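> Structure below; questions to follow.
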Amino acid sequence: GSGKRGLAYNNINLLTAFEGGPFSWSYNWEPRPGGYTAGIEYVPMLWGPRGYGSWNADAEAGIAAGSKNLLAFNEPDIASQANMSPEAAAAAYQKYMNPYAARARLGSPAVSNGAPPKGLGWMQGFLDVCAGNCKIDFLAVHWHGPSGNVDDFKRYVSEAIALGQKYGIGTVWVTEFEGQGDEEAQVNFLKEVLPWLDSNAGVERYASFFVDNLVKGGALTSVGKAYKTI
Ligand SMILES: OC[C@H]1O[C@@H](O[C@@H]2[C@@H](O)[C@@H](O)O[C@H](CO)[C@H]2O)[C@H](O)[C@@H](O)[C@@H]1O
């Protein structure tokens with residue numbers, strides 16, 4: 001396909017259900033993959049402070065396994081996720097990510113679609129605090145919301161793109177998006193956003209949220225099939 005579509009997982013076993021779909025990459029919100037999937041680029045994540053301990057070592061294995069890309073903290077703007085002030089993110093980014101700039105493309109901490117001061121407000125606070133010394137190849141962002149709130153999806157992604165470009169970061173990954181509701185409500189959403197994401201040159205890579213919910217009892221759900229074929 002576009003080569004932008006990702007497999008976001010917890011159970012590495014379930015990526016087989018997506019074999020031969022237009023997938024180039026995977027991540028699991030962890031620094032280590034828990035296994036191997038052939039022909040797809042695993043992307044390590046520095047989730048938050050709990051990972052600082054191993055991050056050196058973890059970035060080493062992954063670059064050593066040919067990983068082109070590294071991701072930073074998960075939802076520092078949400079208290080039960082990374083839960084990090086923009087200032088502490090800037091510090092820990094510069095410290096723990098910037099060092100791999102020569103060997104890998106670095107993805108920003110991934111914000112929620114929460115309104116300022118969460119979301120892209122936190123990104124701007126982080127981008128301000130970074131003070132042009134954070135080495136960032138791409139912004140990571142997330143959007144969760146009802147299936148019929150599709151417009152808001154696209155505005156958010158554009159606003160993330162606009163925000164990144166103002167700070168000289170030329171692309172975003174949408175590392176999580178989820179159009180909520182019953183199976184049909186979820187399909188139709190993917191029919192609208194997947195083509196839009198695939199041609200929107202502001203979006204380098206994306207992942208619907210997520211593999212483990214798109215498979216059930218070892219079988220693709222109907223949402224699974226749509227994500228695989230559209
Ligand atoms: O279970 C998938 C993955 O979820 C992460 O947290 C998510 C958050 O990233 C966002 O989507 O909000 C939802 C709703 O609460 C959270 O579940 C976890 O950080 C990660 O460790 C987990 O593997």
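Just so we're on the same page: first chain in the structure tokens is A, next is B, and so on; residues restart at 1 for each chain, and ligands are numbered from 1 in the order they show up.
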What does the list of residues within 6 Å of ligand 1 look like if you count only C-alpha atoms and all ligand atoms, written as a PyMOL selection string?

chain A and resi 10+28-29+81

> Among the residues of region 35-166 of chain A, find those DSSP assigns to alpha helix (DSSP H) from the backbone and print them as JSON, numbers by chain.

{"A": [52, 53, 54, 55, 56, 57, 58, 59, 60, 61, 62, 63, 64, 86, 87, 88, 89, 90, 91, 92, 93, 94, 95, 96, 119, 120, 121, 122, 123, 124, 125, 126, 127, 128, 129, 130, 150, 151, 152, 153, 154, 155, 156, 157, 158, 159, 160, 161, 162, 163, 164, 165, 166]}

> Hey, can you spit out that residue selection with N, CA and C atoms as a compact mmCIF listing (two decimals), in the first residue's frame?


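The result, stored in part31.txt:
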```
# COMPACT_ATOMS: atom_id res chain seq x y z
N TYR A 52 13.95 4.47 31.67
CA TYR A 52 15.22 5.22 31.60
C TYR A 52 16.38 4.28 31.92
N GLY A 53 16.15 3.41 32.90
CA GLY A 53 17.07 2.38 33.38
C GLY A 53 17.69 1.56 32.27
N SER A 54 16.91 1.13 31.27
CA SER A 54 17.34 0.16 30.23
C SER A 54 17.49 0.81 28.85
N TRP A 55 17.04 2.05 28.71
CA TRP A 55 16.89 2.71 27.39
C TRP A 55 18.20 2.67 26.60
N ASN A 56 19.34 2.97 27.22
CA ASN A 56 20.62 2.90 26.49
C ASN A 56 20.64 1.55 25.75
N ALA A 57 20.58 0.49 26.58
CA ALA A 57 20.76 -0.92 26.18
C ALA A 57 19.71 -1.25 25.14
N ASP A 58 18.48 -0.79 25.36
CA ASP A 58 17.33 -1.15 24.50
C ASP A 58 17.51 -0.49 23.13
N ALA A 59 17.84 0.81 23.07
CA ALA A 59 18.13 1.52 21.80
C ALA A 59 19.27 0.78 21.05
N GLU A 60 20.25 0.27 21.80
CA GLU A 60 21.41 -0.44 21.18
C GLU A 60 20.92 -1.70 20.43
N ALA A 61 20.17 -2.62 21.05
CA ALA A 61 19.70 -3.89 20.44
C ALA A 61 18.94 -3.60 19.14
N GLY A 62 18.07 -2.59 19.21
CA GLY A 62 17.08 -2.26 18.17
C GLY A 62 17.75 -1.69 16.94
N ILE A 63 18.64 -0.71 17.16
CA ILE A 63 19.52 -0.14 16.09
C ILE A 63 20.32 -1.32 15.54
N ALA A 64 20.84 -2.17 16.43
CA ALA A 64 21.54 -3.45 16.10
C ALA A 64 20.63 -4.43 15.34
N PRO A 86 6.11 19.12 30.44
CA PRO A 86 6.86 19.41 29.23
C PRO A 86 8.35 19.66 29.53
N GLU A 87 8.63 20.42 30.60
CA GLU A 87 10.03 20.72 31.02
C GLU A 87 10.76 19.40 31.31
N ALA A 88 10.16 18.46 32.04
CA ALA A 88 10.93 17.23 32.37
C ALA A 88 11.06 16.37 31.10
N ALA A 89 10.06 16.43 30.22
CA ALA A 89 10.14 15.67 28.94
C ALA A 89 11.31 16.19 28.12
N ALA A 90 11.47 17.52 28.05
CA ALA A 90 12.51 18.19 27.23
C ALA A 90 13.88 17.71 27.71
N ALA A 91 14.06 17.74 29.02
CA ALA A 91 15.28 17.32 29.73
C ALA A 91 15.55 15.86 29.39
N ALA A 92 14.58 14.99 29.60
CA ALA A 92 14.78 13.54 29.46
C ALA A 92 14.91 13.19 27.97
N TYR A 93 14.28 13.99 27.10
CA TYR A 93 14.34 13.77 25.64
C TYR A 93 15.78 13.98 25.24
N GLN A 94 16.26 15.21 25.50
CA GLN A 94 17.62 15.70 25.15
C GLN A 94 18.62 14.70 25.67
N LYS A 95 18.40 14.22 26.89
CA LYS A 95 19.28 13.24 27.58
C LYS A 95 19.25 11.86 26.89
N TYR A 96 18.07 11.29 26.65
CA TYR A 96 17.89 9.84 26.42
C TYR A 96 17.62 9.54 24.94
N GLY A 119 -2.62 17.38 25.08
CA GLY A 119 -2.70 17.37 23.61
C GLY A 119 -1.59 18.21 23.02
N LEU A 120 -1.88 18.96 21.95
CA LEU A 120 -0.93 19.79 21.16
C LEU A 120 -0.44 21.02 21.93
N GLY A 121 -1.10 21.33 23.03
CA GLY A 121 -0.68 22.40 23.95
C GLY A 121 0.54 21.90 24.69
N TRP A 122 0.46 20.66 25.20
CA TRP A 122 1.62 20.01 25.85
C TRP A 122 2.74 19.91 24.83
N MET A 123 2.42 19.49 23.59
CA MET A 123 3.47 19.40 22.54
C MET A 123 4.13 20.78 22.40
N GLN A 124 3.36 21.86 22.36
CA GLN A 124 3.99 23.18 22.11
C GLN A 124 4.88 23.59 23.31
N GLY A 125 4.41 23.31 24.53
CA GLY A 125 5.16 23.52 25.79
C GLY A 125 6.44 22.71 25.80
N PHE A 126 6.33 21.45 25.44
CA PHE A 126 7.51 20.61 25.20
C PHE A 126 8.38 21.19 24.06
N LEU A 127 7.79 21.58 22.93
CA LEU A 127 8.61 22.10 21.81
C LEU A 127 9.26 23.44 22.23
N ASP A 128 8.54 24.28 22.95
CA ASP A 128 9.12 25.54 23.50
C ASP A 128 10.29 25.16 24.39
N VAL A 129 10.05 24.33 25.40
CA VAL A 129 11.09 23.99 26.42
C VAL A 129 12.26 23.35 25.71
N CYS A 130 12.03 22.60 24.63
CA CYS A 130 13.15 21.93 23.94
C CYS A 130 14.19 22.96 23.46
N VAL A 150 -15.33 12.22 12.97
CA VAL A 150 -14.26 12.03 11.95
C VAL A 150 -13.62 13.37 11.61
N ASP A 151 -14.42 14.42 11.45
CA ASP A 151 -13.85 15.73 11.07
C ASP A 151 -12.73 16.07 12.08
N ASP A 152 -13.13 15.98 13.39
CA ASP A 152 -12.27 16.40 14.51
C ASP A 152 -10.95 15.61 14.37
N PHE A 153 -11.04 14.34 14.00
CA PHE A 153 -9.83 13.51 13.72
C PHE A 153 -8.89 14.33 12.82
N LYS A 154 -9.38 14.73 11.66
CA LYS A 154 -8.57 15.30 10.54
C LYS A 154 -7.99 16.66 10.93
N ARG A 155 -8.76 17.46 11.68
CA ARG A 155 -8.40 18.83 12.12
C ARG A 155 -7.19 18.68 13.04
N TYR A 156 -7.36 17.79 14.01
CA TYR A 156 -6.35 17.43 15.03
C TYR A 156 -5.04 17.08 14.31
N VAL A 157 -5.12 16.20 13.33
CA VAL A 157 -3.91 15.67 12.62
C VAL A 157 -3.23 16.83 11.88
N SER A 158 -4.02 17.63 11.19
CA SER A 158 -3.55 18.85 10.50
C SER A 158 -2.93 19.80 11.52
N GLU A 159 -3.59 20.01 12.65
CA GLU A 159 -3.09 20.93 13.71
C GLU A 159 -1.75 20.39 14.23
N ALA A 160 -1.63 19.06 14.36
CA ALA A 160 -0.37 18.41 14.80
C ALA A 160 0.70 18.69 13.75
N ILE A 161 0.35 18.54 12.47
CA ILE A 161 1.27 18.76 11.33
C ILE A 161 1.73 20.23 11.31
N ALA A 162 0.78 21.16 11.42
CA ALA A 162 1.02 22.61 11.43
C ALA A 162 1.94 22.87 12.62
N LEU A 163 1.60 22.32 13.78
CA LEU A 163 2.41 22.57 15.00
C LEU A 163 3.86 22.12 14.75
N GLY A 164 4.06 20.90 14.24
CA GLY A 164 5.40 20.32 13.96
C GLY A 164 6.22 21.18 13.00
N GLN A 165 5.59 21.63 11.91
CA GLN A 165 6.25 22.44 10.85
C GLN A 165 6.68 23.80 11.43
N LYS A 166 5.85 24.44 12.26
CA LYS A 166 6.21 25.74 12.89
C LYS A 166 7.55 25.54 13.63
```

> If we count only C-alpha atoms, what is near residue 205 (chain A) at a cut-off of 12 Å, once residues fewer than 6 positions away on the same chain are taken out, given as a PyMOL selection string?

chain A and resi 1-8+22-27+41+43+69+107+138-141+171-177+194+197-199

> Quick one: pull the distance between CA of residue 9 (chain A) and CA of residue 213 (chain A), Å, one decimal.

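Straight-line distance from CA of residue 9 (chain A) to CA of residue 213 (chain A) works out to 9.0 Å.
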
> Kindly give the distance, in Å, that separates CA of residue 46 (chain A) and CA of residue 104 (chain A), rounded to a single decimal.

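About the pair CA of residue 46 (chain A) and CA of residue 104 (chain A): they are 13.5 Å apart.
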
> So how far away is CA of residue 209 (chain A) from CA of residue 149 (chain A), in Å?

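A separation of 15.9 Å between them.
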
> Can you tell me, as JSON, numbers by chain, which residues in region 51-164 of chain A count as strand (DSSP E or B) by DSSP?

{"A": [69, 70, 71, 74, 105, 106, 107, 108, 109, 110, 111, 138, 139, 140, 141, 142, 143, 144, 145, 146]}

> Could you list, as a PyMOL selection string, every residue within 7 Å of residue 178 (chain A), counting only C-alpha atoms and ignoring same-chain residues fewer than 5 positions away?

chain A and resi 143-145+208-209

> Grab the residues selected above and save them as an mmCIF file, in the first residue's frame with N, CA, C and O atoms.


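Saved as result_39.cif:
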```cif
data_model
loop_
_atom_site.group_PDB
_atom_site.id
_atom_site.type_symbol
_atom_site.label_atom_id
_atom_site.label_comp_id
_atom_site.auth_asym_id
_atom_site.auth_seq_id
_atom_site.Cartn_x
_atom_site.Cartn_y
_atom_site.Cartn_z
ATOM 1 N N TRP A 143 -5.340 10.004 18.541
ATOM 2 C CA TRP A 143 -6.725 10.517 18.527
ATOM 3 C C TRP A 143 -7.704 9.369 18.835
ATOM 4 O O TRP A 143 -7.640 8.351 18.115
ATOM 5 N N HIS A 144 -8.466 9.469 19.934
ATOM 6 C CA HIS A 144 -9.565 8.542 20.289
ATOM 7 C C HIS A 144 -10.851 9.367 20.389
ATOM 8 O O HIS A 144 -10.823 10.478 20.917
ATOM 9 N N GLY A 145 -11.945 8.816 19.903
ATOM 10 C CA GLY A 145 -13.207 9.555 19.880
ATOM 11 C C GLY A 145 -14.244 8.749 19.128
ATOM 12 O O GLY A 145 -13.897 7.790 18.424
ATOM 13 N N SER A 208 -3.814 2.153 13.617
ATOM 14 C CA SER A 208 -5.119 2.066 14.295
ATOM 15 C C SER A 208 -4.923 1.370 15.621
ATOM 16 O O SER A 208 -3.994 0.516 15.735
ATOM 17 N N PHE A 209 -5.761 1.737 16.590
ATOM 18 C CA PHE A 209 -5.624 1.260 17.979
ATOM 19 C C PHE A 209 -6.634 0.139 18.236
ATOM 20 O O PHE A 209 -7.800 0.415 18.337
#
```

> Between A:76, A:218, A:146, A:21, which residue has the minimum interatomic distance to residue 112 (chain A), considering only C-alpha atoms?

A:76

> Excluding region 183-191 of chain A and its own-chain neighbours fewer than 3 positions away, which residues fall within 9 Å of it when counting only C-alpha atoms? Please give them as a PDB file with N, CA and C atoms, in the first residue's frame.


```
ATOM      1  N   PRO A 146     -15.537   9.088  19.316  1.00  0.00           N
ATOM      2  CA  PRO A 146     -16.576   8.426  18.548  1.00  0.00           C
ATOM      3  C   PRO A 146     -16.157   8.400  16.963  1.00  0.00           C
ATOM      4  N   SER A 147     -16.776   7.391  16.365  1.00  0.00           N
ATOM      5  CA  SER A 147     -16.687   7.031  14.926  1.00  0.00           C
ATOM      6  C   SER A 147     -17.223   8.151  14.010  1.00  0.00           C
ATOM      7  N   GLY A 148     -18.211   8.940  14.472  1.00  0.00           N
ATOM      8  CA  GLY A 148     -18.868  10.052  13.740  1.00  0.00           C
ATOM      9  C   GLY A 148     -18.173  11.379  13.976  1.00  0.00           C
ATOM     10  N   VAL A 150     -15.328  12.219  12.975  1.00  0.00           N
ATOM     11  CA  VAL A 150     -14.255  12.028  11.954  1.00  0.00           C
ATOM     12  C   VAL A 150     -13.618  13.370  11.607  1.00  0.00           C
ATOM     13  N   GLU A 178      -8.508   5.705  17.055  1.00  0.00           N
ATOM     14  CA  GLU A 178      -9.592   4.745  17.341  1.00  0.00           C
ATOM     15  C   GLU A 178     -10.924   5.465  17.152  1.00  0.00           C
ATOM     16  N   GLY A 179     -11.699   5.076  16.132  1.00  0.00           N
ATOM     17  CA  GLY A 179     -13.105   5.497  15.935  1.00  0.00           C
ATOM     18  C   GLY A 179     -14.078   4.536  16.609  1.00  0.00           C
ATOM     19  N   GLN A 180     -14.660   4.936  17.744  1.00  0.00           N
ATOM     20  CA  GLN A 180     -15.294   4.011  18.728  1.00  0.00           C
ATOM     21  C   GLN A 180     -16.744   3.742  18.342  1.00  0.00           C
ATOM     22  N   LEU A 194      -8.478   6.091   6.350  1.00  0.00           N
ATOM     23  CA  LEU A 194      -7.279   5.375   5.813  1.00  0.00           C
ATOM     24  C   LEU A 194      -6.791   5.982   4.488  1.00  0.00           C
ATOM     25  N   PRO A 195      -7.676   6.246   3.506  1.00  0.00           N
ATOM     26  CA  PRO A 195      -7.239   6.904   2.274  1.00  0.00           C
ATOM     27  C   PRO A 195      -6.642   8.300   2.558  1.00  0.00           C
ATOM     28  N   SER A 208      -3.814   2.153  13.617  1.00  0.00           N
ATOM     29  CA  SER A 208      -5.119   2.066  14.295  1.00  0.00           C
ATOM     30  C   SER A 208      -4.923   1.370  15.621  1.00  0.00           C
ATOM     31  N   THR A 221     -11.383  -9.899  13.646  1.00  0.00           N
ATOM     32  CA  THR A 221     -12.761  -9.349  13.645  1.00  0.00           C
ATOM     33  C   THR A 221     -13.022  -8.695  12.284  1.00  0.00           C
ATOM     34  N   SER A 222     -14.215  -8.123  12.063  1.00  0.00           N
ATOM     35  CA  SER A 222     -14.553  -7.444  10.776  1.00  0.00           C
ATOM     36  C   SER A 222     -13.820  -6.104  10.678  1.00  0.00           C
ATOM     37  N   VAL A 223     -13.520  -5.524  11.838  1.00  0.00           N
ATOM     38  CA  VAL A 223     -12.691  -4.288  11.896  1.00  0.00           C
ATOM     39  C   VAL A 223     -11.262  -4.625  11.444  1.00  0.00           C
ATOM     40  N   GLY A 224     -10.720  -5.746  11.923  1.00  0.00           N
ATOM     41  CA  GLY A 224      -9.427  -6.329  11.506  1.00  0.00           C
ATOM     42  C   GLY A 224      -9.272  -6.427   9.995  1.00  0.00           C
ATOM     43  N   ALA A 226     -10.965  -4.906   7.581  1.00  0.00           N
ATOM     44  CA  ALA A 226     -11.000  -3.556   6.981  1.00  0.00           C
ATOM     45  C   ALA A 226      -9.604  -2.919   7.069  1.00  0.00           C
ATOM     46  N   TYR A 227      -8.984  -2.981   8.252  1.00  0.00           N
ATOM     47  CA  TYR A 227      -7.670  -2.353   8.481  1.00  0.00           C
ATOM     48  C   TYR A 227      -6.652  -3.035   7.553  1.00  0.00           C
ATOM     49  N   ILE A 230      -8.115  -2.062   3.250  1.00  0.00           N
ATOM     50  CA  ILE A 230      -8.626  -0.789   2.691  1.00  0.00           C
ATOM     51  C   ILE A 230      -7.447  -0.055   2.047  1.00  0.00           C
TER      52      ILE A 230
END
```

> Skipping near chain neighbours, those fewer than 6 positions away, what residues fall within 8 Å of residue 118 (chain A) using only C-alpha atoms, listed as a compact mmCIF listing (two decimals) with C-alpha atoms, in the first residue's frame?


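Generated output (result.txt):
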```txt
# COMPACT_ATOMS: atom_id res chain seq x y z
CA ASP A 77 0.09 14.87 29.01
CA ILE A 78 -2.00 12.11 30.83
CA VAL A 111 0.32 13.36 23.03
CA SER A 112 -3.42 12.65 23.46
```

> Which residue out of A:75, A:35, A:206, A:169 has the minimum interatomic distance to residue 135 (chain A) when only C-alpha atoms are used?

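Closest to residue 135 (chain A) of all the choices is A:169.
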
> Of the candidates A:44, A:82, A:102, A:32, which one gets nearest to residue 67 (chain A) if we count only C-alpha atoms?

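Looking only at the distances to residue 67 (chain A), the closest residue turns out to be A:44.
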